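Let's start with one chain on its own, the form deposited in one PDB entry, as structure tokens.
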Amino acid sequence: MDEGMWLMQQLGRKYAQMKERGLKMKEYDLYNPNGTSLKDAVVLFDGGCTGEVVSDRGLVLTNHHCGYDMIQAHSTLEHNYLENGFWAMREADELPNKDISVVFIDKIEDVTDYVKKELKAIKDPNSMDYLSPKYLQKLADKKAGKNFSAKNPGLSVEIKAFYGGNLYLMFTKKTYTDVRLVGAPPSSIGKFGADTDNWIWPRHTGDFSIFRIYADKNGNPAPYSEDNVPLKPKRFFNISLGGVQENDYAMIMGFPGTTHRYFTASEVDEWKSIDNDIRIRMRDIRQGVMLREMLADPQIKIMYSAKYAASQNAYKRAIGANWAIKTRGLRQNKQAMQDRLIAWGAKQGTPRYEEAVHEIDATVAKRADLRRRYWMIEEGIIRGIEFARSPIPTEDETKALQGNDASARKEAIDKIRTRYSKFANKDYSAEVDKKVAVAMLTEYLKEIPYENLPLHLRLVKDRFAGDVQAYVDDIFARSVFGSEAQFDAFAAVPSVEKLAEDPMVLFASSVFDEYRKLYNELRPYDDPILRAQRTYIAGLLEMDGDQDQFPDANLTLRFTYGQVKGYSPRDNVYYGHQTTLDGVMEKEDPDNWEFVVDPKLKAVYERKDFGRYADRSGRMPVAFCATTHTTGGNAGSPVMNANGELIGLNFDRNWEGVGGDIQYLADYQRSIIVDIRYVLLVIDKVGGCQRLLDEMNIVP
């Protein structure tokens, strides 16, 4: 009944506990190392999402935001699938995609002993090859064979490290690249929440999209070709219309990206007081200035809408993270965890575990000021100031303009012009960039002393007498990239000396020199920490056991289980476990592009045309939440019944659960799942694509 991201190898140790939570299905029907199981119906979608096979003709279900770029690619102004939706009424009408892939995890094997054996060919006791993917791939190819490439078309092999390098798994992957768009709801449904309901529970978003795997006649992976035939999968999920109740058993298979549950207390402090605090501070200034300019000018708004929203993402994540640190007591539990290992190690008579923790603590404290300057210049200038990424003449661009007689002279200018036009594009505003720069630079100059500044920015004190505005003004005034006309003047009569002394080029070069210097000075602190973490985790595994703890996520297939349950976000407030179509209508706002409601959906609601998709009360469910443990990567993970029947599609996590990447939050962290009944409702009543329903296997 533990909450984590468990390896498929751990199903045996957890199976009895899962039955106690309500699992009524048989273990090897879920995962079988030596046979067909439900795992075979789960896929890694396009490298970053999760998907699931739903029919015996290769039908694949994933999120709408996962298939977003592909729907957009097949969308034109006249025939807009991104806003109207797409529904191929026959298999021939399904749209092929380029740069798309789907990956089955066919076989998983423990190769810890094999890897460790190959590692005792020691060159250096503190070599980092045990975490090197390049090195592990060589070990992977060695065990698989010389040209496993040709002997098994469509199959590839990979070795990954777990538990800081104390466990190694080999994966046999099956990769299909002919995956075509089948079905998609309108943006008003799949993206109903948009950005204001992002990371928010309750939620009413029909976040899904439908695809199909194609292959050759035998079902072997093949690139796009009109002679390809829909894949007949080894296994596919059954659809359940039985729905969910409060406290119902729920489980999830998917590919969680990254977690850091084995952070020391000092690493939590570092994450809070340096990484998050600087990011929050610098971005609040940047977004503040940016917001002000967007409201005052509707044209600035359409240009900086994406940049603003993008900056907000990691900003909100850092806010939620620090909230978890302060109120959930994440630092204290890590501190209790390592203290418990130290006390255990002392009793055992092995001091190496305490020594490893001390090694980490001392290293974190040592690099604090360097890491501070790094994040300050990364958040402040590198990310915060647009003209920091202004064009910088390469070495061979300089030589070609300098004493170089050939008129490749001109070719170098064309390359520079291209980079300038991308910098000063249709969304770029110098006036807005200037105001942002002045605010960001003022804060940066406040926090960073003269001796540690990049070698420009010193001129604010030496040349501009502390006037940041005049410093920024002088840059755009006398530069080549200051405006279109100033660049054309340079392009007409180009000289290496004019670029060498260019105020903006000097800035961009100076801030990037310092950026790389701090980076090179911080990097040798990583290896001693990693080696100590290997010892640390090894001790934790030996002490607490290998059953009631799980390795950090690493884009590897994991399973998680829990119950359908709401939670209390704050005093006197409780969020329930299931949202309804009623909630969609309550949020309807014609003037807001986010909360626009599709006409067909509202008609279905008002006519109560829900068929067999509604519950007993007669209400139409939209989404529900569960106590399962998920993170980025579980984007489109299948949510299963007690009998392994598909009951929903995971698509998000509430913002309170962002601390879950460090420590699972039982009373606050919730997986946000769209009800499969609502999915089938959209397909039936909105899409009208009946062929997809007949294709699926639906249980009572």
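Just count from 1 along the sequence shown to find any residue number.
Note that the form solved in complex with a small molecule isn't included here; everything after this is about it.
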statement: Counting only non-hydrogen atoms, the one stretch of 153-161, 498-506, 359-367, 177-185 within 4.5 angstroms of the small molecule in the deposited bound form is 359-367
field: Of 457, 376, 439, 596, the one that lies within 4.5 Å of the small molecule in the deposited bound form (heavy atoms)
entry: 596
- request: Would you mind picking the one in 212, 191, 558, 286 that has a heavy atom within 4.5 Å of the small molecule in the deposited bound form?
  value: 191
message: Taking any heavy atom pair closer than or equal to 4.5 Å as contact, tell me whether residue 83 reaches the small molecule in the deposited bound form.
response: yes
